[PDB]
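1. Here is my input; please provide its structure:
(4 chains, ligands or ions: 5)
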Amino acid sequence: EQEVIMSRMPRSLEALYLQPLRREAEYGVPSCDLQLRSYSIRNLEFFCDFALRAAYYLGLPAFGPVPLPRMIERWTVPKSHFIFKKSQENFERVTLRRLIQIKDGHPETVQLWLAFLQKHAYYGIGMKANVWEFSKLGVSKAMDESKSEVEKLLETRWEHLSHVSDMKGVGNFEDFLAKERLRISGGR
Amino acid sequence: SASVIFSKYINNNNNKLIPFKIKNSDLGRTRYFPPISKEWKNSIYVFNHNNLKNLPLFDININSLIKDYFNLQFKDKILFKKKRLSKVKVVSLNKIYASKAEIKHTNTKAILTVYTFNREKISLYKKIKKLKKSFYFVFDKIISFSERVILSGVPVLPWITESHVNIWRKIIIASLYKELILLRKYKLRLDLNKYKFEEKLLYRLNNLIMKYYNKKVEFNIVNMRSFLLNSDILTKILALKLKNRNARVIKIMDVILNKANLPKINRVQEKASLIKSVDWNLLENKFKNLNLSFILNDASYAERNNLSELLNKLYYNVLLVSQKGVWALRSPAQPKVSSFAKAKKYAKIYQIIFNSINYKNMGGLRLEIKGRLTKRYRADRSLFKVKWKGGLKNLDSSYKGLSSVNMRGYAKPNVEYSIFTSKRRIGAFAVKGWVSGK
Amino acid sequence: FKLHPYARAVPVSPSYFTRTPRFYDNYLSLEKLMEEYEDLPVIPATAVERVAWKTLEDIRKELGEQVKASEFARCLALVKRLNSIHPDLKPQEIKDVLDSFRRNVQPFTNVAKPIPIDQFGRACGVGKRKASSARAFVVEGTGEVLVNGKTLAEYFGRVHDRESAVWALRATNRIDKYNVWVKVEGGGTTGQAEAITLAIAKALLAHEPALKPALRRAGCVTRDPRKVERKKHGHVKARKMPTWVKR
RNA sequence: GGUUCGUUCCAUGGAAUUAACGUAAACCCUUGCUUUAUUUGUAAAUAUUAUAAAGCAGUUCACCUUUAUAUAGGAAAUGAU
Ligand SMILES: [K+]
Ligand SMILES: [K+]
Ligand SMILES: [Mg+2]
Ligand SMILES: [Mg+2]
Ligand SMILES: [Mg+2]
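-> Numbering: from 1, shown residues only, chains lettered A, B, ... in the order given. Ligands and ions are numbered 1, 2, ... in the order given. Let me share the structure:
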């Protein structure tokens, strides 16, 4: 029952007060391009630092945030609903965006990174990721052999879905997805 | 070996090396960046704009649901209250007022913020609190006493079943019916007022709002201590007062302004500018070379090797009993918390947090009423009254000369504008209201 | 615990009814010190270390009073008089009151980074114009000039633009001392020509910094900020208005 | 009565002391510079175009002139910048 004088604090807590660390890419082949967008700059710059700290723990060498060109829309409208036309005013909607590109990233590890950002996404930010991956010839046979592998991973996930025996509200399965997807996206 | 397709992406390496340059210029403090949720009602971005075009319309529908949701009341038959029927429609000022909703959107959910001024709780809590302690003290005796004579022989047991408890309970109700229905009234009306902010009743409102956004909505209800701290709640209250025919317009505006308390100020110091001088306390100027390989390499202090020793000198550390001392731990169901979480003192952090927030104090107040507000039922002319107390200026920029961040390209970040439209028996009128913060 | 039976409100400062109580209280204190230490010797102003005294604005904000410029101007003549007292003979009382009138304001420092010279002896200068940006690599040579790979004559079909692009070398009479390899982008013929003028001038100063007084009078150091004005609603152009019909 | 782009500032009045709005300040684009970032932009690169976040900068210093001694102004391709 004695008191110990801690020489320092956990590195997880110290790293929160340093600039986000970055791994070094040995080859430099891009494995993911995450483009973040928002109408504000304060939440976009904050979440980009948070996204770089996650890429460090996963061993992903991230590059950026690269400031991409601003997307500026413009509208000139009359200030009066009725006749008065010699008086108009300009409006705009500037989209601020950043790019975080990961290189030499393992395909699965890159998907945990993306899965983490979506779970802890910051409000007011839209995200889009392009993932790359190398594969061998014979894609047809590769995707048929991996069926048994994916089935085992889903054994515990089928519980999410449940329907009455011989679901009749669906009808044509494929046509249901195609039409239900449009209804979810709002038209397309 | 490797693939050719792979080698064609290695050679494309013309990157610029991070130089770690040393700053030789003096840096000022960054502007005050106001929150993002206060620029647009919907803080959102989506790549498919089909989820973006109906938001202006939904804001109207959502605000209607929230307004009517907070006005829910028991039926007179549930509380046994005798309804006093009458033709006139009574205006209720002692309810929960709510402002327009601010929604933070993600691809997974939406956080709906709404500022409320709970005026009904102020009355119910004081009214029920008048019931003195003797009520509950004596009521306990009736329980014990009743068990000695009814559920026992004349002067937990295995010969007392629920079939007897029922009769034993009805006897108490029959003798205290006029008193229980009274306590039940205020107890239920107070709990209803309480559950409106809890998940007991909010999970139902979620099902109604969730149909507009197709995402689960999380509520962030902020209770305002004064109805003057939010413009939406202010113009709403002033509008309900003016809706009565016999309402004295000018008198009602004066009573509201009298309730508004402005802080003491020195006019000569507030309107005094600021001379731009390098602040050597800023972490940017104190260390012009931010690399630890230079800071921790015995630059100024003698053996401050530990990165923690450096951080403790810059920031306020709660883990330390002495602010610039040492972090001494103790070495040899219940909640899972550190053995020192109870000793942590967030006394100076509240100062750090709340001093870094601008526009806290109420700076100025402005009310405008315009429309048909005469008392007689004829075709008179429109009225227009204006009252104000304080100013709507952005003192940080107009006087001190600091740089501000205007909202939506033209609006001052310290003012709240809200308009509420109503109508008398003779025509329509509107109540505009501005509220600024210092 | 009970209040005192006899009590009356009294002003704290004797300058209660004055225009600026706090100022006069501090001004009268100086009048008292000066009248007390007037016999001490002084030093000629030439041997008095220059001090940055506060301004009329710093006092208004500090004292929270609306001090007058004329009344403060004479209060500033005392601190300058008392400051002239001999340091060794200056009393500690005057040393303290004088420290409250010093202005410790430091202006911000923003020094441009000097243009280096590559290991191969080529310095890069950058110039700009209406919409163009130039990068000139000036190296010791014979006088060969290239613009986007093309020669100076194959690129500019107007001799006026050629002379303006290398005007810095011409004005200083060094066309035959350096070889320029320019790379321009954006803008037009004259926009790019004037952009190279500033680019070569900056690169030239990296080799011979003592030519700036000459490039000044030549007009190759100044950056011309003129820019096309946007079109404005209600106008046919930046400033041209549509026909106004009186009737 | 002076002065200022300006109810700006100074002085003054046998009556003034203050508040709000406009004004001003600040904000957006643009100009020079500093730091950060380097892809989908950059010939190369020991990083200089471009891209875009934050910060600094002017009527600031020098020169000349200067009322009531209180508040200032002028000079404009041959002082600095
Ligand atoms: K034009
Ligand atoms: K740049
Ligand atoms: Mg006057
Ligand atoms: Mg203005
Ligand atoms: Mg590339």
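2. Helices of chain A, residue ranges please.
-> Along chain A, counting by DSSP state H, helices occupy A:11-14, A:42-57, A:107-119, A:139-145, A:147-154, A:173-185.
3. For the helix ranked longest in chain B, buried residues please.
-> In chain B, taking DSSP H as the definition, the longest helix is helix B:177-195. Burial within helix B:177-195, assessed by neighbour count using 16 or more other C-beta atoms under 10 Å in any protein chain shown, is assigned to B:185, B:186, B:189, B:190, B:192, B:193. Yep, even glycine has a C-beta here, placed from its N, CA and C like the rest.
4. next SSE after that helix?
-> helix B:199-213 (DSSP states H and E).
5. Contacts for the helix or strand following that following helix, please.
-> On the C-terminal side of helix B:199-213, the nearest following helix or strand under DSSP H and E is strand B:216-223. Residues outside strand B:216-223 that contact it (C-beta atoms under 8 Å, 6 or more residues apart in numbering or on different chains): B:109-118, B:197, B:202, B:205-206, B:209-210.
6. How about the contacts made by residue B:271?
-> Contacts here follow C-beta under 8 Å, 6+ apart; on that basis residue B:271 touches residue B:399.
7. how does it look with 10 Å?
-> Neighbour list for residue B:271: B:265, B:393, B:395, B:398, B:399, B:400, C:60, C:61 [criterion: C-beta atoms under 10 Å, 6 or more residues apart in numbering or on different chains].
8. Ramachandran angles for it?
-> Residue B:271 adopts backbone torsions of phi -80, psi 0, taken as degrees, to the nearest 10.
9. next one: residue B:105
-> phi -100, psi 130.
10. what's the burial count for residue C:165?
-> Residue C:165 has 29 neighbouring residues, counting by other C-beta atoms under 10 Å in any protein chain shown.
11. Confirm for me that it is in contact with residue C:148.
-> No: if you go by C-beta atoms under 10 Å, residue C:165 and residue C:148 don't touch, sitting 11.9 Å apart.
12. Overlap in contacts, the two.
-> Common neighbours of residue C:165 and residue C:148 (C-beta under 10 Å, 6+ apart) are C:155, C:182, C:184, C:192.
13. what's the burial count for the last one?
-> This points to residue C:192. Counted with other C-beta under 10 Å, residue C:192 comes out at 29.
14. The helix or strand containing it near RNA strand D at all?
-> In this assignment (DSSP H and E), residue C:192 forms part of helix C:189-207. No: Helix C:189-207 lies apart from RNA strand D when judged by C-beta under 7 Å from any atom of the strand; the minimum separation is 7.5 Å.
15. what's the spacing between residue B:108 and residue A:125?
-> Distance of residue B:108 to residue A:125, computed by C-beta to C-beta, to the nearest Å: 12 Å.
16. more crowded one of these two?
-> residue A:125 (26 against 12).
17. OK, contacts around the residue in chain A positioned nearest to RNA strand D?
-> Going by C-beta to the nearest atom of the strand, RNA strand D is nearest to residue A:67 of chain A, at 3.1 Å. Counting by C-beta under 10 Å, 6+ apart, residue A:67 touches A:44, A:45, A:48, A:96, A:97, A:98, A:99.
18. just checking: which of these also lie near RNA strand D?
-> Checking the contacts of residue A:67 against RNA strand D (C-beta under 7 Å from any atom of the strand), the matches are A:45, A:96, A:97, A:99.
19. Could you double-check that the first one lies in contact with residue A:97?
-> No: using C-beta under 10 Å, residue A:45 is not in contact with residue A:97, being 11.4 Å away.
20. out of everything not next to it in sequence, what's closest to the residue of the stretch 301-438 of chain B found nearest RNA strand D?
-> Nearest residue of the stretch 301-438 of chain B to RNA strand D, counting by C-beta to the nearest atom of the strand: residue B:403, 2.9 Å away. Nearest residue to residue B:403, sequence neighbours excluded (C-beta to C-beta, 6 or more residues apart in numbering or on different chains): residue B:31, at 4.8 Å.
21. Can you report how many residues lie near that neighbour?
-> 12.
22. Over to residue B:429?
-> Residue B:429: 22 surrounding residues under other C-beta under 10 Å.
23. Name the nearest residue to it, ignoring sequence neighbours.
-> residue B:371 (2.6 Å).
24. Kindly provide the distance from the one you found to residue B:425.
-> 13 Å.
25. okay, residue A:45 and residue A:97: which has more neighbours?
-> residue A:97 (20 against 15).
26. Apart from its chain neighbours, what residue comes closest to the more buried one?
-> Using C-beta to C-beta, 6+ apart and skipping residues adjacent in sequence, the residue nearest residue A:97 is residue A:37, 4.3 Å away.
27. For the one you found, give the beta-bridge partners.
-> residue A:97, residue A:126 (DSSP bridges).
28. can you pull the contacts of it?
-> By C-beta under 10 Å, 6+ apart, the contact set of residue A:37 is A:44, A:68, A:71, A:95-98, A:124-128, B:45-47.
29. Looking at these, which is nearest residue B:38?
-> Closest approach to residue B:38 among the contacts of residue A:37 (C-beta to C-beta): residue A:124, at 12.0 Å.
30. Name the nearest residue to that closest one, ignoring sequence neighbours.
-> Per C-beta to C-beta, 6+ apart, closest to residue A:124 is residue B:43, 4.0 Å.
31. Distance of the one you found relative to residue A:42?
-> For residue B:43 relative to residue A:42 (C-beta to C-beta), the value is 11 Å.
32. Next: residue C:187.
-> Plainly put, residue C:187 is 35 Å away from residue A:42 if you go by C-beta to C-beta.
33. circling back: list buried residues within the contacts of residue B:271.
-> So, by 16+ other C-beta under 10 Å, the buried ones in the contacts of residue B:271 are B:393, B:395, C:60, C:61.
34. So of those residues, which two are at opposite extremes in space?
-> The largest separation in the buried ones among the contacts of residue B:271, counting by C-beta to C-beta, is between B:393 and C:60 at 19.1 Å.
35. thought residue B:38 was touching residue B:412?
-> No: assessed by C-beta under 10 Å, residue B:38 is found out of contact with residue B:412, at 11.5 Å.
36. and whichever residue of chain C sits closest to chain A, which of the three is it?
-> The minimum distance from chain C to chain A, using C-beta to the nearest C-beta, falls at residue C:233 (4.4 Å). Three-state assignment for residue C:233 (DSSP: H, G, I helix; E, B strand; the rest coil): coil.
37. measure it to residue B:406 for me?
-> According to C-beta to C-beta, residue C:233 stands 21 Å off from residue B:406.
38. How many residues are close by residue 20?
-> You didn't say which chain, so I picked chain A. Other residues lying near residue A:20 total 16 when counted by other C-beta under 10 Å.
39. meant chain C actually
-> Residue C:20 has 21 neighbouring residues, counting by other C-beta under 10 Å.
40. Likewise for the one 10 residues further on?
-> Using other C-beta under 10 Å, residue C:30 is surrounded by 19 other residues.
41. What values do phi and psi take at it?
-> Residue C:30 adopts backbone torsions of phi -60, psi -40, taken as degrees, to the nearest 10.
42. The nearest residue to it once chain neighbours are set aside sits in which helix or strand?
-> In space, and not counting its chain neighbours, residue C:30 is closest to residue C:78: 4.6 Å by C-beta to C-beta, 6+ apart. With secondary structure defined by DSSP H and E, residue C:78 is part of helix C:69-83.
43. Please list all residues in contact with the residue of the stretch 51-200 of chain B found nearest chain C.
-> Ranked by C-beta to the nearest C-beta, the top residue of the stretch 51-200 of chain B for proximity to chain C is residue B:56, at 24.4 Å. Listed by C-beta under 10 Å, 6+ apart, the contact partners of residue B:56 are B:41, B:42.
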